[PDB]
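Q: Sharing a structure below in structure tokens format, with a few things to ask.
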Amino acid sequence: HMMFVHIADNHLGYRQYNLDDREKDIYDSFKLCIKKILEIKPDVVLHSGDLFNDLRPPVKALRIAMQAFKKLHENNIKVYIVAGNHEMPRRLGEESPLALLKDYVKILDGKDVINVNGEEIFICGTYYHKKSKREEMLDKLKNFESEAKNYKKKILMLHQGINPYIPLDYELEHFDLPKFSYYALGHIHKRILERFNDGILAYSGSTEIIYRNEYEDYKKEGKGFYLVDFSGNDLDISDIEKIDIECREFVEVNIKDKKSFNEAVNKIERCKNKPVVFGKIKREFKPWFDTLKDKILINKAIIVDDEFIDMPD
Amino acid sequence: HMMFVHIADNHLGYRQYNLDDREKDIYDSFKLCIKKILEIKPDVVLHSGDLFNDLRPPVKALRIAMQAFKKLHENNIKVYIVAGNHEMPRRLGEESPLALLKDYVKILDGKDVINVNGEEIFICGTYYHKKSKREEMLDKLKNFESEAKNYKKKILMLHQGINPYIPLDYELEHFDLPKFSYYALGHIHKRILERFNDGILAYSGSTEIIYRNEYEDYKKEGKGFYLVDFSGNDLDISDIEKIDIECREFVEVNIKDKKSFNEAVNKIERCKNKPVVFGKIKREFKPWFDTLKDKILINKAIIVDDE
Amino acid sequence: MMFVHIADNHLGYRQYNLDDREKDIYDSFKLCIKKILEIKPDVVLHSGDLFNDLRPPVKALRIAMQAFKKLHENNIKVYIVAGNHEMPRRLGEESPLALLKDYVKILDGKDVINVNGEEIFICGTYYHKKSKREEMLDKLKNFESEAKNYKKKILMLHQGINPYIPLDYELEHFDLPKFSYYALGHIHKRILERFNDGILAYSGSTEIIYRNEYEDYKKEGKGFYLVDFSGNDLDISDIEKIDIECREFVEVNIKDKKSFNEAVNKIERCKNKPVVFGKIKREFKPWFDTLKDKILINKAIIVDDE
Amino acid sequence: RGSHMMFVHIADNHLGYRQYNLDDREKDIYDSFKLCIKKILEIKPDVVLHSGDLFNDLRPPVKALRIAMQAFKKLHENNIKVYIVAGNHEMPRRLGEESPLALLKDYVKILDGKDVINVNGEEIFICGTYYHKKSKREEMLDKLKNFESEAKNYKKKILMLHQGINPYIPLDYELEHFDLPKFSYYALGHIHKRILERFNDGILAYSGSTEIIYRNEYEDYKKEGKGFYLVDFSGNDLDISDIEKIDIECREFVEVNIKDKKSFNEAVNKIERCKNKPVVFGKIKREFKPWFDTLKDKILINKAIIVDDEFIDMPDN
Amino acid sequence: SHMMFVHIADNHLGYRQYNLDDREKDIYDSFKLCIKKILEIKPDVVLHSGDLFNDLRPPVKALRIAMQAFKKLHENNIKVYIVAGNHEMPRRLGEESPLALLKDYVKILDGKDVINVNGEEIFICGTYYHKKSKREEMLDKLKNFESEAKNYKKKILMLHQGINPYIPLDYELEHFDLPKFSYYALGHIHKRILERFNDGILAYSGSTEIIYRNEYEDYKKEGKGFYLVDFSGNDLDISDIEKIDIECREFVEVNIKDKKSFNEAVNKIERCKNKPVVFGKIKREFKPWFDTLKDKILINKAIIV
Amino acid sequence: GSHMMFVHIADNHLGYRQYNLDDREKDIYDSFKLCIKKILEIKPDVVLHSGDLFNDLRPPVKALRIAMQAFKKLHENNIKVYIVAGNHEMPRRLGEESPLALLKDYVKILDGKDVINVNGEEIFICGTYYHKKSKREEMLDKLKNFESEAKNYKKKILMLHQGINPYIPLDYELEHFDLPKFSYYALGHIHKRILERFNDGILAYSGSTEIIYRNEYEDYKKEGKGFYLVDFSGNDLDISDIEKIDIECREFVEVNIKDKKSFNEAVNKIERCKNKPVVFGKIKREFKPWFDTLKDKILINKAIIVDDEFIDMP
DNA sequence: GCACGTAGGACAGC
DNA sequence: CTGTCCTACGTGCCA
Ligand SMILES: [Mg+2]
Ligand SMILES: [Mg+2]
Ligand SMILES: [Mg+2]
Ligand SMILES: [Mg+2]
Ligand SMILES: [Mg+2]
Ligand SMILES: [Mg+2]
Ligand SMILES: [Mg+2]
Ligand SMILES: [Mg+2]
Ligand SMILES: [Mg+2]
Ligand SMILES: [Mg+2]
Ligand SMILES: [Mg+2]
Ligand SMILES: [Mg+2]
């Protein structure tokens with residue numbers, strides 16, 4: 001009877017390694033999500049910020065974003081967004097690139113109660129605030145709890161890092177946020193879904209490998225977005241699907257012998273799309289690995305001249 | 001039966017001296033033109049490029065731009081634009097911010113025939129080319145006249161510099177461009193209107209003082225846009241009205257004595273808008289002039305420790 | 001006090017011209033070193049044949065230098081004697097042992113090492129040929145002279161001694177003076193036993209160099225010795241032998257179904273992909289070729305006879 | 001001369017090469033190298049570019065390794081940074097095999113990419129790569145363009161390579177001259193003759209071999225002399241005028257053509273005149289052979305052909 | 001003793017710094033001062049390593065002084081050798097060096113010559129200043145000298161160049177360029193340099209006056225003048241080399257930043273025995289005060305701030 | 001005989017480099033060295049040099065070499081030499097020295113009197129350097145003092161380097177009536193040969209030893225360049241006792257090529273030359289490339305090209 | 001299908 | 001008894 005999508009951190013227009021192919025990769029994976037959300041046709045899409053990677057994004061990025069969210073709004077899919085760190089103006093009077101989506105998307109900086117078929121469900125959220133302004137936020141957060149006291153299904157949207165989920169730094173502590181049915185969170189690029197307070201907290205995670213860390217969460221959790229159903233009166237992890245998205249493959253290598261060289265080539269041959277390779281290659285195997293340049297997107301491996309006597313337990 | 005607007009070089013989002021106020025100024029003068037164009041309700045608006053000052057212009061610039069061209073298209077005014085030096089991509093696959101206006105505007109890189117009341121009229125244009133590709137351009141230009149041979153009222157749109165009107169550099173020589181009724185030109189920020197070939201050539205000029213030099217052309221010719229009627233079969237200067245737009249005034253000073261100082265105070269009081277001051281002021285007169293810093297936009301004046 | 005006696009690694013030896021085999025040698029060597037590093041003895045005595053050639057592969061050299069650096073950085077003093085393989089042949093030719101000069105003391109005489117907290121006398125010399133036995137005897141007698149007033153004395157040599165190796169040998173058992181411990185090398189089988197009121201040892205090679213060494217690996221095991229020499233006297237009881245896993249070799253004689261099953265059983269029972277050698281009847285050839293994925297190399301002779 | 005910047009371009013020492021199976025010749029190669037090294041230490045440049053073939057073999061004799069390691073240590077200890085590219089001789093063949101260049105890892109930077117060196121007080125871009133074959137020229141072009149890309153916004157750019165370039169060596173060659181982008185200096189090796197000349201908007205150089213490795217190198221030894229280059233690169237532009245060529249004393253070779261008393265006496269004169277027992281080669285008439293056999297003590301090795309022919313050849317003037 | 005000889009260079013006759021009569025006179029006077037001491041010494045040979053004149057066409061007075069000097073030196077049956085410096089070297093073909101005017105008193109060196117002194121026989125070779133560009137030629141030139149000196153025991157080389165260790169930028173030759181000679185009579189380097197080199201001893205006589213603003217302190221540390229080697233015995237070393245220094249114009253450096261540094265200025269300036277040249281930096285506030293004593297000073301061309 | 005003879009030479013302008021040509025600078029040298037040679041062939045008793053030996057105050061070194069080479073050779077043959085400083089050789093700045101100074105050991109620079117005793121007579125010489133017109137006053141006083149000391153002398157010679165009013169219209173430093181009665185007037189500042197009786201005696205300008213300005217050529221053809229050879233054997237001297245030594249020097253041909261004739265006259269005149277001539281004058285544009293055929297035959301072409309079509313028909 | 005080096009076996013010793 | 005032959009085969013270039 002009801003379903004909604006939690007996505008965030010697309011970082012539209014990010015250009016890793018200054019590679020054209022990569023800027024494309026970000027766009028494509030985004031469009032892939034949009035296609036899937038259009039295939040799913042949920043009632044709501046919660047977007048937890050960092051739609052754009054920059055404050056003044058390339059025209060292609062804006063074209064795609066506007067193109068996409070128009071297509072969603074035309075399919076009677078309601079979309080809520082909170083501005084991420086990257087989308088927050090710095091000069092006075094400066095506008096967010098999110099402003100271009102004003103006609104297809106609701107930018108959240110307060111409460112809103114949305115009536116779906118056939119239920120009535122409460123949403124509140126706010127833009128990215130700094131660690132500096134945490135005090136400011138607490139009042140805002142408490143005012144949200146206040147107006148949500150009498151609501152059964154209440155969703156909170158935020159673009160911050162919460163203390164256990166992100167070492168240093170973080171803007172909020174986990175005991176800072178009130179009881180909500182679902183926590184649509186965004187600033188953290190790894191996939192996080194788990195019970196919290198008396199409900200369920202979530203980071204949708206980035207939709208492509210944006211920064212240097214995300215390599216293992218790609219294999220371990222996969223990148224994409226969440227699809228919460230919220231059909232019944234209760235919600236648990238059991239009613240939350242993770243939609244995965246194919247994106248640029250990264251293979252990590254540690255070529256030190258004939259075996260590790262072949263394991264590398266196997267991993268590379270097995271890739272559907274020309275991978276980004278990283279890790280370490282011993283000097284002695286370097287020119288031999290250079291034979292795979294046709295089969296590889298870019299080689300970001302450190303070359304090691306050192307002769308190690310490393311032996312296993 | 002027909003009238004149309006030639007505007008160009010608004011340079012949206014240019015932020016002169018890194019000043020907030022200057023970026024506003026540019027917005028303001030643009031939005032004024034749009035209001036005045038709406039008060040006029042012409043049939044066509046020809047925009048000869050450099051609409052945005054940047055390739056990835058600020059968000060406010062894009063919102064202003066889209067709202068403006070929406071407001072024009074919803075009033076059934078057809079708009080043509082050609083991309084200027086500033087709106088042209090560098091990388092392959094980089095897109096022009098003009099593309100964000102695709103829904104209200106025809107971006108020209110070829111011909112198009114527009115049917116007015118009750119006439120049929122030929123328009124063609126192309127984006128900004130470099131001097132380097134002049135040969136390429138000649139081919140393009142010759143093909144336009146060919147496709148226009150049997151047309152009586154023909155308008156050509158370009159965003160280039162033409163050799164007599166701008167010594168160095170320029171991309172085309174004036175004898176490069178074929179016979180057309182009207183030349184909708186851009187890239188030269190001063191107002192230029194004069195007869196040419198067997199028709200009438202125009203540079204609409206910038207809609208605000210972009211560089212410090214264009215200041216006197218504001219004083220001397222005035223900045224804004226053109227309103228050509230093109231009602232009869234022939235068109236002449238008599239049928240071209242120039243719409244002016246008030247914009248930020250600049251004051252030049254050379255204060256070494258009481259005379260030039262008093263002239264300075266006079267001109268500053270004489271200004272309608274808090275002026276941008278530049279020129280020379282003697283070191284000794286420095287603390288005396290700082291009394292008007294609240295009464296002035298910005299002080300970009302040179303200090304002279306001698307004369 | 002404690003010390004390690006190792007020898008005959010034959011670094012860079014490439015048996016059957018096999019990549020995997022040259023590796024095997026490196027690997028077992030690096031492993032002894034790791035094991036030596038986990039133990040952290042005071043001294044490491046190396047009785048020669050570290051390298052298999054005078055101009056060993058770059059990797060072998062690279063590995064060796066790293067190894068002894070790591071040992072020297074852990075304040076373990078290392079003595080080595082030049083083996084037959086490490087001895088220059090044309091005049092002016094240099095030994096690959098020279099590349100280790102900064103981590104290792106190459107022995108051609110005496111040296112007294114002060115440990116915590118004992119004082120102990122070491123002597124040794126490079127590999128001499130049979131030809132120079134006369135020469136060597138004097139050298140040994142010169143050692144005995146300088147060691148008379150010393151309590152704990154070790155002799156390092158890389159030779160074959162007459163009883164321990166039928167043919168050939170450079171010294172007779174009665175050629176060598178009385179020492180506490182005879183740190184010897186050049187015989188690839190493990191030899192440890194009391195001798196001349198002391199204890200004589202060949203550490204044995206650290207990998208299967210010749211196909212002959214095949215059974216002594218299973219029967220005695222390859223690696224090195226760990227002598228402590230803590231007390232005033234030392235006996236076999238205070239010598240630990242560290243074993244090393246290495247390449248297994250299977251012998252075959254396939255002429256019927258029995259010997260075939262003995263072979264496949266022996267091969268599957270192997271921990272590391274085996275080297276097979278021996279005799280196989282021609283009629284069994286394509287049938288045996290089914291196991292190449294489970295085998296390193298097949299050096300068996302094919303027999304067209306009845 | 002100075003400077004804010006200076007560097008030495010050396011290559012092709014072929015350490016451990018043993019020509020004619022002569023101990024003496026093997027020594028010669030060693031000696032001349034050491035002499036280059038000594039001269040560099042007296043010069044004290046900021047950088048030393050070595051364009052490969054330091055060693056003649058993949059598994060070089062121990063003496064060569066010690067001499068080599070000693071040399072680059074002594075250079076590194078005097079804070080001269082050394083960049084090297086792998087020559088044909090130093091490229092591993094079996095998979096996993098190591099280059100003897102690896103033994104210099106701590107004193108030398110092996111180039112297979114870009115690197116920007118900060119000198120006092122200038123900033124200069126260096127790039128290079130190991131030896132590629134003709135077979136992999138395509139592979140190489142992409143890499144070379146990648147250098148051109150990464151050097152455009154750089155002022156001083158040096159390219160290091162160990163290949164033969166098409167005009168400079170008819171057949172064979174791995175690259176064509178139009179393959180390589182504009183660089184300030186082309187630090188090249190693999191052609192054992194001394195080559196220096198302007199090229200593109202810059203200057204291309206072969207340091208040449210530091211001793212007579214193959215039997216061909218004779219005349220360029222006499223005409224150009226073997227050793228290395230010393231470029232200063234102090235100013236923003238560089239021309240030949242700012243490139244000094246350091247010569248090196250090495251084993252003398254005399255070419256002889258003994259056909260009469262004159263040519264015989266001229267042979268003996270050149271040989272007696274030699275500082276070091278020369279390698280004699282060329283032609284000796286049969287009739288003069290046993291007479292020349294008197295000088296075997298005075299000669300390193302005699303590689304001259306004996307000619308039985310009686311020529312009635314006569315010159316005009 | 002039985003034998004002695006002199007090494008001098010870089011007088012730069014006719015240099016007129018800041019267009020001052022007194023400066024050009026100073027150079028002259030100091031040159032003539034050097035000449036006086038050479039006459040007091042009475043050596044067997046006099047070696048001059050170039051840059052005697054500052055230009056190829058020097059003023060007539062400079063030409064007069066020089067000729068007069070060497071006339072006075074040649075008349076004592078003292079042999080003199082010279083090699084052409086950078087400044088004395090012709091540009092057009094057919095253009096002559098002013099040294100040519102001294103042919104009657106002097107031997108200009110561009111090759112070998114064996115001189116018999118009392119009572120020994122000694123080998124001299126040298127050549128003029130070559131450019132960096134022509135280093136190759138020079139090496140060949142040098143190689144031919146070594147050849148003709150191999151069988152000679154006492155061999156002296158005369159050159160006017162910068163050698164790589166002794167002068168970073170620029171130099172024409174590297175120190176390993178020059179063969180073993182008994183004495184390296186060098187020029188073009190205005191600072192005093194004397195030290196052993198190869199199997200012998202290399203020397204730069206240094207300028208006889210302060211040409212550039214740099215040379216002020218090197219006059220204090222090494223002293224300016226020329227070298228006097230005897231070479232009577234079989235061996236040569238520093239032990240047999242006396243250096244005659246010559247009194248010349250004092251230079252004062254200033255940095256007036258407070259009353260103290262000003263007082264330090266007055267102390268050093270009043271300390272000048274000879275009408276001083278003042279240079280350096282002066283604070284805006286302190287300009288007029290020395291003008292009370294400006295009559296007591298030669299010229300104030302200190303950096304303008 | 002005789003008992004006495006001497007040479008009057010002047011204005012060699014040594015180191016002059018006309019048209020910036022190596023050959024011209026050489027020519028000046030060559031003609032000078034030739035004179036010295038002829039003087040040595042002659043072996044006169046005295047040499048009077050009326051100034052302008054050098055062309056500048058700072059002459060090129062080659063010039064100084066050649067000059068000194070010459071006067072030493074003259075002084076060593078026991079020929080005493082007197083010289084006066086020309087316009088060119090007189091210092092301007094205070095303390096500046098004359099290039100004449102470099103010749104002190106072979107030559108006497110005159111700025112006063114000196115009596116030289118010959119075999120077996122006693123004869124008076126006086127002279128002075130070049131003074132400007134402005135300093136004529138000084139000079140007249142100087143001159144009265146010269147006439148005064150020579151009154152009781154029978155053989156008295158005057159050396160000057162000036163232009164005298166009739167012999168040179170404008171400008172001149174002295175009037176002809178400015179100089180006193182002397183046996184011989186050794187004069188120099190005028191490059192043309194002038195010899196004539198004057199004040200019961202004889203005045204002479206030796207003239208330049210080469211064509212310094214483009215004008216002097218026809219004066220060379222008509223009078224010839226070189227020096228004078230005076231004997232002064234009797235108490236009086238007249239033209240009869242003055243031999244004029246001529247010197248071959250660089251020929252200059254003037255052309256005025258306007259027609260076929262004038263062109264042919266040009267080619268003839270050039271071919272007739274012993275030495276590749278300096279050509280000057282006018283050549284019509286139309287004849288330029290036809291005249292370019294003679295480049296091998298010519299030292300330098302300094303003719304104006306006239307494109308103008310003149311109706312010049314007298 | 002080729003080439004190349006290493007290994008491995010053997011024969012020559014003044 | 002070092003030296004060097006010969007043959008055999010692993011491994012990579014390649015077509
Ligand atoms: Mg983010
Ligand atoms: Mg974020
Ligand atoms: Mg423009
Ligand atoms: Mg514009
Ligand atoms: Mg062994
Ligand atoms: Mg052994
Ligand atoms: Mg090579
Ligand atoms: Mg080579
Ligand atoms: Mg000099
Ligand atoms: Mg000098
Ligand atoms: Mg005159
Ligand atoms: Mg004259």
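Labeling convention for the structure tokens: chains A, B, ... as they appear, residues from 1 per chain, ligands from 1 in order of appearance.
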So which residues of segment 18-255 of chain A fall under strand (DSSP E or B) by DSSP, listed as a ChimeraX atom specification?
A: /A:44-47,52,78-81,106-107,110-115,120-125,154-158,162,172,182-185,192-196,199-203,224-228,240-244,250-255
Q: Could you list, as a PyMOL selection string, all the residues within 9 Å of ligand 2, counting only C-alpha atoms (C1' of nucleotides) and all ligand atoms?
A: chain A and resi 8-9+11+48-50+53+84-86+128+159-161+186-189
Q: If you run DSSP over the backbone, which residues in segment 86-284 of chain D end up helix (DSSP H, G or I)? Put them as a count of residues only.
A: 47
Q: Pick out the residues sitting within 10 Å of segment 2-12 of chain G, and hand them over as a compact mmCIF listing (two decimals) with N, CA, C and O atoms (P, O5', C5', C4', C3', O3' and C1' of nucleotides), in the first residue's frame; count only C-alpha atoms (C1' of nucleotides), and ignore anything fewer than 4 positions along from it in its own chain.
A:
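This is the output file part_24.txt:
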```txt
# COMPACT_ATOMS: atom_id res chain seq x y z
N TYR C 13 69.65 -21.55 -7.13
CA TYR C 13 69.67 -22.81 -7.85
C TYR C 13 68.32 -23.01 -8.49
O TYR C 13 67.28 -22.81 -7.86
N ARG C 14 68.33 -23.43 -9.75
CA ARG C 14 67.11 -23.49 -10.55
C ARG C 14 66.95 -24.87 -11.15
O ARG C 14 67.15 -25.08 -12.34
N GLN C 15 66.55 -25.81 -10.30
CA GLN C 15 66.50 -27.21 -10.66
C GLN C 15 65.55 -27.45 -11.82
O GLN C 15 64.50 -26.81 -11.91
N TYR C 16 65.94 -28.33 -12.73
CA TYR C 16 65.12 -28.64 -13.89
C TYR C 16 64.76 -27.40 -14.66
O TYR C 16 63.78 -27.38 -15.39
N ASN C 17 65.54 -26.34 -14.46
CA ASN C 17 65.30 -25.07 -15.12
C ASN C 17 63.87 -24.58 -14.80
O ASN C 17 63.26 -23.88 -15.59
N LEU C 18 63.36 -24.99 -13.65
CA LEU C 18 62.00 -24.62 -13.24
C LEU C 18 61.90 -23.33 -12.42
O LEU C 18 62.59 -23.16 -11.41
N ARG D 93 63.73 -11.25 -18.42
CA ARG D 93 63.18 -11.98 -19.54
C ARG D 93 62.12 -12.98 -19.10
O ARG D 93 61.07 -13.07 -19.71
N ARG D 94 62.43 -13.76 -18.06
CA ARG D 94 61.48 -14.69 -17.45
C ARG D 94 60.64 -13.92 -16.46
O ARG D 94 61.12 -12.97 -15.86
P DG H 3 88.23 -21.19 -15.36
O5' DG H 3 87.87 -21.79 -16.80
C5' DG H 3 88.91 -22.04 -17.73
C4' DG H 3 88.50 -23.06 -18.78
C3' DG H 3 87.19 -22.71 -19.46
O3' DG H 3 87.50 -22.05 -20.67
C1' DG H 3 87.30 -25.06 -18.91
P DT H 4 86.38 -21.16 -21.40
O5' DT H 4 85.57 -22.23 -22.25
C5' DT H 4 86.35 -23.04 -23.11
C4' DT H 4 85.54 -24.21 -23.62
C3' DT H 4 84.13 -23.73 -23.90
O3' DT H 4 83.94 -23.24 -25.25
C1' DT H 4 84.19 -25.91 -22.83
P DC H 5 83.96 -24.20 -26.53
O5' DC H 5 82.48 -24.78 -26.59
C5' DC H 5 82.16 -25.56 -27.71
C4' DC H 5 82.27 -27.05 -27.46
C3' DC H 5 80.89 -27.60 -27.71
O3' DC H 5 80.76 -28.17 -28.98
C1' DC H 5 81.78 -28.46 -25.63
P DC H 6 79.45 -27.84 -29.84
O5' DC H 6 78.49 -29.09 -29.56
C5' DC H 6 78.93 -30.42 -29.72
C4' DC H 6 78.13 -31.29 -28.77
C3' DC H 6 76.65 -31.06 -29.00
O3' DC H 6 76.00 -32.11 -29.66
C1' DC H 6 77.21 -31.01 -26.63
P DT H 7 74.64 -31.83 -30.46
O5' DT H 7 73.52 -32.42 -29.49
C5' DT H 7 73.78 -33.61 -28.77
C4' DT H 7 72.93 -33.56 -27.52
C3' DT H 7 71.48 -33.20 -27.81
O3' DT H 7 70.64 -34.26 -27.42
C1' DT H 7 72.31 -31.94 -25.96
P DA H 8 69.05 -34.10 -27.57
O5' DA H 8 68.57 -33.47 -26.18
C5' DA H 8 68.95 -33.99 -24.90
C4' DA H 8 68.08 -33.35 -23.82
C3' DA H 8 66.63 -33.07 -24.23
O3' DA H 8 65.76 -33.39 -23.15
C1' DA H 8 67.67 -31.04 -23.60
P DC H 9 64.17 -33.26 -23.33
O5' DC H 9 63.82 -31.84 -22.70
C5' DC H 9 64.01 -31.62 -21.30
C4' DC H 9 63.67 -30.18 -20.92
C3' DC H 9 62.28 -29.64 -21.33
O3' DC H 9 61.71 -28.94 -20.19
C1' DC H 9 63.99 -28.24 -22.16
P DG H 10 60.15 -28.98 -19.82
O5' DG H 10 60.00 -27.64 -18.98
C5' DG H 10 61.08 -27.37 -18.07
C4' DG H 10 61.41 -25.89 -18.02
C3' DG H 10 60.20 -25.00 -17.94
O3' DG H 10 60.29 -24.12 -16.86
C1' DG H 10 61.63 -24.29 -19.72
P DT H 11 59.01 -23.22 -16.52
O5' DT H 11 59.10 -21.96 -17.51
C5' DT H 11 60.15 -20.98 -17.47
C4' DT H 11 59.96 -19.94 -18.57
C3' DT H 11 58.55 -19.40 -18.78
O3' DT H 11 58.65 -17.98 -18.85
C1' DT H 11 59.47 -19.91 -20.84
P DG H 12 57.36 -17.06 -18.62
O5' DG H 12 57.66 -15.71 -19.45
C5' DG H 12 58.93 -15.33 -20.00
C4' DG H 12 58.95 -15.11 -21.51
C3' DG H 12 57.81 -14.31 -22.13
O3' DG H 12 58.38 -13.30 -22.97
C1' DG H 12 58.26 -16.24 -23.39
P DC H 13 57.48 -12.09 -23.52
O5' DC H 13 57.89 -11.90 -25.06
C5' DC H 13 59.16 -12.24 -25.64
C4' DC H 13 59.13 -12.38 -27.16
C3' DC H 13 58.10 -11.53 -27.90
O3' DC H 13 58.56 -11.13 -29.20
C1' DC H 13 57.62 -13.79 -28.30
P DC H 14 57.78 -10.00 -30.06
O5' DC H 14 56.79 -10.86 -31.01
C5' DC H 14 57.23 -12.09 -31.62
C4' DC H 14 56.17 -12.97 -32.31
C3' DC H 14 54.79 -12.42 -32.66
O3' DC H 14 54.67 -12.75 -34.02
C1' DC H 14 54.61 -14.63 -32.02
P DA H 15 54.48 -11.64 -35.16
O5' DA H 15 55.07 -12.37 -36.46
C5' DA H 15 55.43 -13.77 -36.38
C4' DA H 15 54.27 -14.76 -36.52
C3' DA H 15 53.28 -14.43 -37.63
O3' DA H 15 53.42 -15.35 -38.71
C1' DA H 15 52.20 -15.33 -35.68
```
Q: Could you list, with a cut-off of 12 Å and counting only C-alpha atoms and all ligand atoms, the residues of chain E near ligand 9, each shown with its nearest atom pair and the distance in Å rounded to one decimal, rows sorted by chain and ascending number, as a tab-separated table?
A:
```
residue	atom	partner	partner_atom_place_in_ligand_line	distance
E:9	CA	ligand 9	1 (Mg)	8.6
E:10	CA	ligand 9	1 (Mg)	6.5
E:11	CA	ligand 9	1 (Mg)	9.8
E:12	CA	ligand 9	1 (Mg)	8.8
E:48	CA	ligand 9	1 (Mg)	11.7
E:49	CA	ligand 9	1 (Mg)	8.6
E:50	CA	ligand 9	1 (Mg)	6.5
E:51	CA	ligand 9	1 (Mg)	5.2
E:52	CA	ligand 9	1 (Mg)	8.9
E:53	CA	ligand 9	1 (Mg)	10.0
E:54	CA	ligand 9	1 (Mg)	9.1
E:55	CA	ligand 9	1 (Mg)	11.0
E:83	CA	ligand 9	1 (Mg)	10.7
E:84	CA	ligand 9	1 (Mg)	8.8
E:85	CA	ligand 9	1 (Mg)	5.1
E:86	CA	ligand 9	1 (Mg)	4.9
E:87	CA	ligand 9	1 (Mg)	6.5
E:88	CA	ligand 9	1 (Mg)	8.8
E:89	CA	ligand 9	1 (Mg)	10.2
E:128	CA	ligand 9	1 (Mg)	10.2
E:129	CA	ligand 9	1 (Mg)	7.7
E:130	CA	ligand 9	1 (Mg)	10.4
E:131	CA	ligand 9	1 (Mg)	11.0
E:159	CA	ligand 9	1 (Mg)	9.9
E:160	CA	ligand 9	1 (Mg)	6.2
E:161	CA	ligand 9	1 (Mg)	6.9
E:162	CA	ligand 9	1 (Mg)	8.3
E:163	CA	ligand 9	1 (Mg)	12.0
E:170	CA	ligand 9	1 (Mg)	11.6
E:171	CA	ligand 9	1 (Mg)	10.9
E:172	CA	ligand 9	1 (Mg)	11.3
E:186	CA	ligand 9	1 (Mg)	9.6
E:187	CA	ligand 9	1 (Mg)	6.1
E:188	CA	ligand 9	1 (Mg)	3.2
E:189	CA	ligand 9	1 (Mg)	6.7
E:190	CA	ligand 9	1 (Mg)	8.2
E:191	CA	ligand 9	1 (Mg)	11.6
E:204	CA	ligand 9	1 (Mg)	11.1
E:205	CA	ligand 9	1 (Mg)	11.7
E:206	CA	ligand 9	1 (Mg)	10.2
E:207	CA	ligand 9	1 (Mg)	9.6
E:211	CA	ligand 9	1 (Mg)	11.6
```
Q: How would you report the residues lying within 9 Å of ligand 6, as a short mmCIF file (atom, residue, chain, number, x, y, z; two decimals) with C-alpha atoms, in the first residue's frame, if you count only C-alpha atoms (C1' of nucleotides) and all ligand atoms?
A:
```cif
data_model
loop_
_atom_site.label_atom_id
_atom_site.label_comp_id
_atom_site.auth_asym_id
_atom_site.auth_seq_id
_atom_site.Cartn_x
_atom_site.Cartn_y
_atom_site.Cartn_z
CA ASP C 8 74.02 -25.00 2.14
CA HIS C 10 72.29 -22.92 -2.51
CA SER C 47 79.02 -22.93 6.96
CA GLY C 48 78.98 -21.86 3.32
CA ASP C 49 77.15 -22.61 0.08
CA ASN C 52 74.74 -21.75 -5.62
CA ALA C 82 83.10 -19.39 1.64
CA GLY C 83 81.67 -22.58 0.17
CA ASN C 84 82.95 -24.32 -2.95
CA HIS C 85 80.25 -22.54 -4.95
CA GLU C 86 81.15 -19.10 -3.54
CA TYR C 127 86.64 -24.10 1.11
CA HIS C 158 83.02 -26.17 4.48
CA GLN C 159 84.57 -29.51 3.62
CA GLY C 160 83.84 -33.20 3.41
CA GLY C 185 78.92 -27.57 5.80
CA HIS C 186 79.16 -29.24 2.35
CA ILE C 187 77.36 -32.51 3.10
CA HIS C 188 73.68 -32.07 2.34
#
```
